[PDB]
$ cat data.pdb   # PDB, C-alpha atoms (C1' of nucleotides)
ATOM      1  CA  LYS H   1     268.351 284.836 179.842  1.00  0.00           C
ATOM      2  CA  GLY H   2     264.938 283.203 179.979  1.00  0.00           C
ATOM      3  CA  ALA H   3     266.710 279.880 180.503  1.00  0.00           C
ATOM      4  CA  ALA H   4     270.173 278.610 181.335  1.00  0.00           C
ATOM      5  CA  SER H   5     272.706 278.663 178.518  1.00  0.00           C
ATOM      6  CA  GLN H   6     273.026 275.406 176.587  1.00  0.00           C
ATOM      7  CA  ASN H   7     276.417 274.270 175.288  1.00  0.00           C
ATOM      8  CA  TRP H   8     275.724 273.408 171.650  1.00  0.00           C
ATOM      9  CA  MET H   9     278.114 270.920 170.061  1.00  0.00           C
ATOM     10  CA  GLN H  10     278.892 270.842 166.354  1.00  0.00           C
ATOM     11  CA  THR H  11     281.438 268.851 164.376  1.00  0.00           C
ATOM     12  CA  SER H  12     282.981 268.869 160.913  1.00  0.00           C
ATOM     13  CA  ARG H  13     284.068 265.842 158.925  1.00  0.00           C
ATOM     14  CA  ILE H  14     284.510 264.604 155.374  1.00  0.00           C
ATOM     15  CA  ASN H  15     283.045 261.151 154.812  1.00  0.00           C
ATOM     16  CA  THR H  16     286.069 258.930 154.288  1.00  0.00           C
ATOM     17  CA  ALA H  17     284.021 256.298 152.447  1.00  0.00           C
ATOM     18  CA  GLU H  18     282.926 258.776 149.778  1.00  0.00           C
ATOM     19  CA  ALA H  19     286.411 260.296 149.650  1.00  0.00           C
ATOM     20  CA  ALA H  20     287.971 256.873 149.102  1.00  0.00           C
ATOM     21  CA  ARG H  21     285.423 256.052 146.397  1.00  0.00           C
ATOM     22  CA  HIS H  22     286.091 259.349 144.605  1.00  0.00           C
ATOM     23  CA  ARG H  23     289.843 258.791 144.896  1.00  0.00           C
ATOM     24  CA  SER H  24     289.396 255.348 143.337  1.00  0.00           C
ATOM     25  CA  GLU H  25     287.199 256.641 140.501  1.00  0.00           C
ATOM     26  CA  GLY H  26     289.442 259.621 139.733  1.00  0.00           C
ATOM     27  CA  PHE H  27     287.030 262.370 140.783  1.00  0.00           C
ATOM     28  CA  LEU H  28     289.440 263.422 143.544  1.00  0.00           C
ATOM     29  CA  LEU H  29     293.168 263.801 142.856  1.00  0.00           C
ATOM     30  CA  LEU H  30     294.765 262.676 146.116  1.00  0.00           C
ATOM     31  CA  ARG H  31     297.950 260.643 146.501  1.00  0.00           C
ATOM     32  CA  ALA H  32     297.947 260.295 150.299  1.00  0.00           C
ATOM     33  CA  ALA H  33     297.228 256.735 151.389  1.00  0.00           C
ATOM     34  CA  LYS H  34     295.272 257.468 154.570  1.00  0.00           C
ATOM     35  CA  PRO H  35     293.241 260.335 156.012  1.00  0.00           C
ATOM     36  CA  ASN H  36     294.449 262.162 159.107  1.00  0.00           C
ATOM     37  CA  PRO H  37     291.558 263.010 161.465  1.00  0.00           C
ATOM     38  CA  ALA H  38     293.949 264.891 163.766  1.00  0.00           C
ATOM     39  CA  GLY H  39     294.788 267.449 161.074  1.00  0.00           C
ATOM     40  CA  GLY H  40     294.667 268.105 157.352  1.00  0.00           C
ATOM     41  CA  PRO H  41     291.935 268.056 154.715  1.00  0.00           C
ATOM     42  CA  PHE H  42     290.183 265.090 156.381  1.00  0.00           C
ATOM     43  CA  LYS H  43     290.404 266.406 159.940  1.00  0.00           C
ATOM     44  CA  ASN H  44     287.511 265.828 162.298  1.00  0.00           C
ATOM     45  CA  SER H  45     286.887 268.867 164.477  1.00  0.00           C
ATOM     46  CA  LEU H  46     284.828 269.252 167.650  1.00  0.00           C
ATOM     47  CA  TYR H  47     283.709 272.716 168.729  1.00  0.00           C
ATOM     48  CA  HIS H  48     281.047 274.140 171.025  1.00  0.00           C
ATOM     49  CA  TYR H  49     279.150 277.409 171.377  1.00  0.00           C
ATOM     50  CA  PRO H  50     276.410 278.394 173.842  1.00  0.00           C
ATOM     51  CA  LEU H  51     272.744 278.852 172.973  1.00  0.00           C
ATOM     52  CA  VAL H  52     270.514 281.177 175.001  1.00  0.00           C
ATOM     53  CA  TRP H  53     266.873 282.192 175.004  1.00  0.00           C
ATOM     54  CA  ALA H  54     267.029 285.931 175.572  1.00  0.00           C
ATOM     55  CA  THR H  55     265.190 289.214 175.152  1.00  0.00           C
ATOM     56  CA  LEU H  56     267.639 291.670 173.592  1.00  0.00           C
ATOM     57  CA  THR H  57     267.339 295.216 174.935  1.00  0.00           C
ATOM     58  CA  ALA H  58     269.598 298.137 174.042  1.00  0.00           C
ATOM     59  CA  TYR H  59     269.436 301.922 174.193  1.00  0.00           C
ATOM     60  CA  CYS H  60     270.409 304.325 171.433  1.00  0.00           C
ATOM     61  CA  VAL H  61     270.119 307.940 170.314  1.00  0.00           C
ATOM     62  CA  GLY H  62     268.677 308.176 166.824  1.00  0.00           C
ATOM     63  CA  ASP H  63     265.660 308.140 164.542  1.00  0.00           C
ATOM     64  CA  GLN H  64     262.911 305.779 165.684  1.00  0.00           C
ATOM     65  CA  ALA H  65     261.349 305.357 162.242  1.00  0.00           C
ATOM     66  CA  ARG H  66     264.573 304.515 160.413  1.00  0.00           C
ATOM     67  CA  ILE H  67     265.875 302.210 163.154  1.00  0.00           C
ATOM     68  CA  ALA H  68     262.560 300.346 163.167  1.00  0.00           C
ATOM     69  CA  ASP H  69     262.624 300.150 159.365  1.00  0.00           C
ATOM     70  CA  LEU H  70     266.153 298.720 159.397  1.00  0.00           C
ATOM     71  CA  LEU H  71     265.261 296.204 162.108  1.00  0.00           C
ATOM     72  CA  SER H  72     262.200 295.125 160.115  1.00  0.00           C
ATOM     73  CA  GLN H  73     264.433 293.288 157.637  1.00  0.00           C
ATOM     74  CA  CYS H  74     266.437 291.567 160.385  1.00  0.00           C
TER      75      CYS H  74
ATOM     76  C1'   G Z   1     280.280 294.389 156.670  1.00  0.00           C
ATOM     77  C1'   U Z   2     275.347 290.915 164.064  1.00  0.00           C
ATOM     78  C1'   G Z   3     283.919 288.643 167.778  1.00  0.00           C
ATOM     79  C1'   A Z   4     280.748 288.142 162.157  1.00  0.00           C
ATOM     80  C1'   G Z   5     281.995 284.747 158.224  1.00  0.00           C
ATOM     81  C1'   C Z   6     283.026 278.692 157.359  1.00  0.00           C
ATOM     82  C1'   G Z   7     282.158 273.429 159.898  1.00  0.00           C
ATOM     83  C1'   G Z   8     277.589 265.827 159.696  1.00  0.00           C
ATOM     84  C1'   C Z   9     278.252 263.223 166.508  1.00  0.00           C
ATOM     85  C1'   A Z  10     279.367 259.929 162.764  1.00  0.00           C
ATOM     86  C1'   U Z  11     280.645 255.102 162.068  1.00  0.00           C
ATOM     87  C1'   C Z  12     280.086 249.224 164.215  1.00  0.00           C
ATOM     88  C1'   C Z  13     276.912 245.652 167.922  1.00  0.00           C
ATOM     89  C1'   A Z  14     271.319 239.153 168.591  1.00  0.00           C
ATOM     90  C1'   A Z  15     268.213 240.227 174.801  1.00  0.00           C
ATOM     91  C1'   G Z  16     269.337 235.357 174.413  1.00  0.00           C
ATOM     92  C1'   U Z  17     269.552 230.642 176.672  1.00  0.00           C
ATOM     93  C1'   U Z  18     266.630 226.641 180.213  1.00  0.00           C
ATOM     94  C1'   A Z  19     261.377 225.555 182.651  1.00  0.00           C
ATOM     95  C1'   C Z  20     254.364 220.099 182.606  1.00  0.00           C
ATOM     96  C1'   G Z  21     248.725 224.482 185.243  1.00  0.00           C
ATOM     97  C1'   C Z  22     249.244 220.108 187.886  1.00  0.00           C
ATOM     98  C1'   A Z  23     247.447 216.968 191.580  1.00  0.00           C
ATOM     99  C1'   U Z  24     242.179 215.567 194.390  1.00  0.00           C
ATOM    100  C1'   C Z  25     236.220 215.820 193.956  1.00  0.00           C
ATOM    101  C1'   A Z  26     228.503 211.157 192.553  1.00  0.00           C
ATOM    102  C1'   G Z  27     224.081 216.116 189.587  1.00  0.00           C
ATOM    103  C1'   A Z  28     222.445 213.867 193.749  1.00  0.00           C
ATOM    104  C1'   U Z  29     218.019 213.382 196.916  1.00  0.00           C
ATOM    105  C1'   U Z  30     211.355 213.375 196.434  1.00  0.00           C
ATOM    106  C1'   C Z  31     206.515 213.181 193.970  1.00  0.00           C
ATOM    107  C1'   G Z  32     199.425 208.887 189.880  1.00  0.00           C
ATOM    108  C1'   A Z  33     198.300 211.377 182.942  1.00  0.00           C
ATOM    109  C1'   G Z  34     194.278 210.952 185.789  1.00  0.00           C
ATOM    110  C1'   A Z  35     190.523 213.681 186.845  1.00  0.00           C
ATOM    111  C1'   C Z  36     186.623 217.219 184.779  1.00  0.00           C
ATOM    112  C1'   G Z  37     180.289 219.632 181.103  1.00  0.00           C
ATOM    113  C1'   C Z  38     174.020 219.243 182.649  1.00  0.00           C
ATOM    114  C1'   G Z  39     167.829 214.566 180.086  1.00  0.00           C
ATOM    115  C1'   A Z  40     167.754 219.058 187.551  1.00  0.00           C
ATOM    116  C1'   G Z  41     161.363 220.813 186.007  1.00  0.00           C
ATOM    117  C1'   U Z  42     154.500 224.012 183.699  1.00  0.00           C
ATOM    118  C1'   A Z  43     151.577 227.129 180.768  1.00  0.00           C
ATOM    119  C1'   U Z  44     151.282 232.463 180.076  1.00  0.00           C
ATOM    120  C1'   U Z  45     152.533 236.908 183.609  1.00  0.00           C
ATOM    121  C1'   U Z  46     154.977 240.362 188.704  1.00  0.00           C
ATOM    122  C1'   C Z  47     157.622 243.804 190.494  1.00  0.00           C
ATOM    123  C1'   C Z  48     160.911 246.765 186.123  1.00  0.00           C
ATOM    124  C1'   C Z  49     165.935 247.733 182.817  1.00  0.00           C
ATOM    125  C1'   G Z  50     166.273 250.507 177.922  1.00  0.00           C
ATOM    126  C1'   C Z  51     162.122 254.803 175.746  1.00  0.00           C
ATOM    127  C1'   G Z  52     155.143 249.604 169.360  1.00  0.00           C
ATOM    128  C1'   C Z  53     159.749 246.414 170.200  1.00  0.00           C
ATOM    129  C1'   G Z  54     164.829 244.666 172.555  1.00  0.00           C
ATOM    130  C1'   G Z  55     164.847 241.926 178.416  1.00  0.00           C
ATOM    131  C1'   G Z  56     165.499 239.747 185.283  1.00  0.00           C
TER     132        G Z  56
END

$ encode --input "data.pdb" --output "structure tokens"
Amino acid sequence: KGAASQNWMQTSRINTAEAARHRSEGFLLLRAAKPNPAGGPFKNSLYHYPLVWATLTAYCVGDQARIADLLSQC
RNA sequence: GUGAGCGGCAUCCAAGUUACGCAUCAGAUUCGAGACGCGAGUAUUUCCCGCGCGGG
């Protein structure tokens, strides 16, 4: 690691304003009165994963030319 | 088929109310528009400066 790992936060949510508008206009076929952010189709979710600056080094037994060619497209 | 693949930190909120750049301080003390332009000196050549002629 060239620097300390950073805890990256990401969420996921469906805009309830747009969902309500679509439900009103008939675009969305939903009968439920309210969204449920704790669970269901309109659930908000909070998750984290770490981000690192790193130099990846690994050792292998194989063909240099073909491995380098494969890694060229990565 | 890279413990991969998939995933909105997003919504809402007044920096505002009140407050004298003000009080006081000599542009003063001295001095003339009144003075300053030649009626000043003999007769015919003398040492010389540029070179017959210009000129001490």

$ closest_residue --input "data.pdb" --among "H:72, H:44, H:36, H:7" --to "chain Z" --atoms "all atoms listed in the file"
H:44

$ residues_around --input "data.pdb" --residues "residue 23 in chain H" --least-positions-apart "6" --cutoff "12 Å" --atoms "only C-alpha atoms (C1' of nucleotides)" --output "PyMOL selection string"
chain H and resi 16-17+29-35

$ write_last_selection --input "data.pdb" --atoms "C-alpha atoms" --output "mmCIF file, in the coordinates of the input"
data_model
loop_
_atom_site.group_PDB
_atom_site.id
_atom_site.type_symbol
_atom_site.label_atom_id
_atom_site.label_comp_id
_atom_site.auth_asym_id
_atom_site.auth_seq_id
_atom_site.Cartn_x
_atom_site.Cartn_y
_atom_site.Cartn_z
ATOM 1 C CA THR H 16 286.069 258.930 154.288
ATOM 2 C CA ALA H 17 284.021 256.298 152.447
ATOM 3 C CA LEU H 29 293.168 263.801 142.856
ATOM 4 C CA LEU H 30 294.765 262.676 146.116
ATOM 5 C CA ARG H 31 297.950 260.643 146.501
ATOM 6 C CA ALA H 32 297.947 260.295 150.299
ATOM 7 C CA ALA H 33 297.228 256.735 151.389
ATOM 8 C CA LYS H 34 295.272 257.468 154.570
ATOM 9 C CA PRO H 35 293.241 260.335 156.012
#

$ atom_distance --input "data.pdb" --atom1 "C1' of residue 54 in chain Z" --atom2 "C1' of residue 38 in chain Z"
28.9 Å

$ interface_residues --input "data.pdb" --of "chain Z" --to "chain H" --cutoff "7 Å" --atoms "all atoms listed in the file" --output "PyMOL selection string"
chain Z and resi 7-9

$ residues_around --input "data.pdb" --residues "residue 5 in chain H" --least-positions-apart "6" --cutoff "7 Å" --atoms "only C-alpha atoms (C1' of nucleotides)" --output "list in words"
residues 50, 51 and 52 of chain H

$ atom_distance --input "data.pdb" --atom1 "CA of residue 6 in chain H" --atom2 "CA of residue 54 in chain H"
12.2 Å

$ atom_distance --input "data.pdb" --atom1 "CA of residue 59 in chain H" --atom2 "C1' of residue 1 in chain Z"
21.9 Å

$ build_atoms --input "data.pdb" --residues "range 54-74 of chain H" --atoms "N, CA and C atoms" --output "PDB file, in the frame of the given file"
ATOM      1  N   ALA H  54     266.834 284.624 174.970  1.00  0.00           N
ATOM      2  CA  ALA H  54     267.029 285.931 175.572  1.00  0.00           C
ATOM      3  C   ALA H  54     266.113 286.952 174.919  1.00  0.00           C
ATOM      4  N   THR H  55     265.846 288.019 175.665  1.00  0.00           N
ATOM      5  CA  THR H  55     265.190 289.214 175.152  1.00  0.00           C
ATOM      6  C   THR H  55     266.243 290.310 175.061  1.00  0.00           C
ATOM      7  N   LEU H  56     266.572 290.711 173.841  1.00  0.00           N
ATOM      8  CA  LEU H  56     267.639 291.670 173.592  1.00  0.00           C
ATOM      9  C   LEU H  56     267.096 293.074 173.808  1.00  0.00           C
ATOM     10  N   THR H  57     267.709 293.825 174.713  1.00  0.00           N
ATOM     11  CA  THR H  57     267.339 295.216 174.935  1.00  0.00           C
ATOM     12  C   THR H  57     268.583 296.093 174.896  1.00  0.00           C
ATOM     13  N   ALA H  58     268.497 297.195 174.155  1.00  0.00           N
ATOM     14  CA  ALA H  58     269.598 298.137 174.042  1.00  0.00           C
ATOM     15  C   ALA H  58     269.032 299.534 173.862  1.00  0.00           C
ATOM     16  N   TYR H  59     269.839 300.526 174.217  1.00  0.00           N
ATOM     17  CA  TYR H  59     269.436 301.922 174.193  1.00  0.00           C
ATOM     18  C   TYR H  59     270.305 302.672 173.199  1.00  0.00           C
ATOM     19  N   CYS H  60     269.695 303.599 172.469  1.00  0.00           N
ATOM     20  CA  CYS H  60     270.409 304.325 171.433  1.00  0.00           C
ATOM     21  C   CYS H  60     269.791 305.703 171.261  1.00  0.00           C
ATOM     22  N   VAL H  61     270.563 306.596 170.655  1.00  0.00           N
ATOM     23  CA  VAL H  61     270.119 307.940 170.314  1.00  0.00           C
ATOM     24  C   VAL H  61     270.040 308.010 168.796  1.00  0.00           C
ATOM     25  N   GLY H  62     268.832 308.140 168.264  1.00  0.00           N
ATOM     26  CA  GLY H  62     268.677 308.176 166.824  1.00  0.00           C
ATOM     27  C   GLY H  62     267.230 308.293 166.413  1.00  0.00           C
ATOM     28  N   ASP H  63     266.987 308.029 165.131  1.00  0.00           N
ATOM     29  CA  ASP H  63     265.660 308.140 164.542  1.00  0.00           C
ATOM     30  C   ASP H  63     264.890 306.848 164.787  1.00  0.00           C
ATOM     31  N   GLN H  64     263.718 306.963 165.412  1.00  0.00           N
ATOM     32  CA  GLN H  64     262.911 305.779 165.684  1.00  0.00           C
ATOM     33  C   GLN H  64     262.431 305.120 164.399  1.00  0.00           C
ATOM     34  N   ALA H  65     261.940 305.920 163.452  1.00  0.00           N
ATOM     35  CA  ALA H  65     261.349 305.357 162.242  1.00  0.00           C
ATOM     36  C   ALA H  65     262.381 304.588 161.431  1.00  0.00           C
ATOM     37  N   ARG H  66     263.569 305.165 161.246  1.00  0.00           N
ATOM     38  CA  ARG H  66     264.573 304.515 160.413  1.00  0.00           C
ATOM     39  C   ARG H  66     265.172 303.298 161.105  1.00  0.00           C
ATOM     40  N   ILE H  67     265.375 303.371 162.421  1.00  0.00           N
ATOM     41  CA  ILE H  67     265.875 302.210 163.154  1.00  0.00           C
ATOM     42  C   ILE H  67     264.871 301.068 163.087  1.00  0.00           C
ATOM     43  N   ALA H  68     263.585 301.378 163.262  1.00  0.00           N
ATOM     44  CA  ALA H  68     262.560 300.346 163.167  1.00  0.00           C
ATOM     45  C   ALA H  68     262.472 299.780 161.756  1.00  0.00           C
ATOM     46  N   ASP H  69     262.638 300.630 160.742  1.00  0.00           N
ATOM     47  CA  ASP H  69     262.624 300.150 159.365  1.00  0.00           C
ATOM     48  C   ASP H  69     263.799 299.222 159.089  1.00  0.00           C
ATOM     49  N   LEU H  70     264.990 299.582 159.573  1.00  0.00           N
ATOM     50  CA  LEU H  70     266.153 298.720 159.397  1.00  0.00           C
ATOM     51  C   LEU H  70     265.964 297.390 160.110  1.00  0.00           C
ATOM     52  N   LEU H  71     265.460 297.426 161.343  1.00  0.00           N
ATOM     53  CA  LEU H  71     265.261 296.204 162.108  1.00  0.00           C
ATOM     54  C   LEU H  71     264.118 295.357 161.571  1.00  0.00           C
ATOM     55  N   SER H  72     263.280 295.911 160.696  1.00  0.00           N
ATOM     56  CA  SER H  72     262.200 295.125 160.115  1.00  0.00           C
ATOM     57  C   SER H  72     262.747 294.011 159.236  1.00  0.00           C
ATOM     58  N   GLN H  73     263.845 294.274 158.530  1.00  0.00           N
ATOM     59  CA  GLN H  73     264.433 293.288 157.637  1.00  0.00           C
ATOM     60  C   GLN H  73     265.325 292.289 158.358  1.00  0.00           C
ATOM     61  N   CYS H  74     265.600 292.497 159.642  1.00  0.00           N
ATOM     62  CA  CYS H  74     266.437 291.567 160.385  1.00  0.00           C
ATOM     63  C   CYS H  74     265.656 290.300 160.699  1.00  0.00           C
TER      64      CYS H  74
END
